[PDB]
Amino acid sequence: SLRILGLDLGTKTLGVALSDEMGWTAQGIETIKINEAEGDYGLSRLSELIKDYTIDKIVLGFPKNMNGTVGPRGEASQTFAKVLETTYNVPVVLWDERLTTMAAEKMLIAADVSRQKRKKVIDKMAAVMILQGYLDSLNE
């Protein structure tokens, strides 16, 4: 079926999430290890990851601007959105509505998660959160 891909671009990791068949929940697929310094954006693995699915849209975590101004991570993300769009010929949506990193931290502390596990999980789950927030917005 058609699925929406969710992505989180980092310096060292590309987070990958996929919508379920009903477009209700976001599933984690993988955290692609990548790196800008060599120009590694994780494109080859992404392509393999999605050849079995049919993706009609890509949602990409996009850092908030500083009141109209784009920062360097946002600049790399916008360039990556162009890359994505022109590589897969699907609409690419910049998105930031999700359970926030600070809400996650608070609730993780409330669950008694140790400081190092909190960091790992918050880093691991950014693409799932971005995609779930998008899907939750769409389902409204």
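Start at 1 with the first residue shown and count on from there.
- Mean CA B-factor, 53-61 versus 37-45: the higher value falls on 37-45.
- Checked against the record, the higher mean CA B factor of 65-73 and 94-102 lies with 65-73.
- Among the modelled residues of its chain, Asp8 has a C-alpha B-factor that falls in the lowest third, as given in the PDB entry.
- Annotation for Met22: C-alpha temperature factor in the highest third relative to the rest of the modelled chain, per the entry.
- Looking at the C-alpha B-factors along this chain, the one for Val83 belongs to the middle third.
- Per the PDB record, residue ranking by Cα B-factor puts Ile29 in the middle third of the chain.
- Annotation for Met107: CA B-factor lies in the middle third of the chain's modelled residues.
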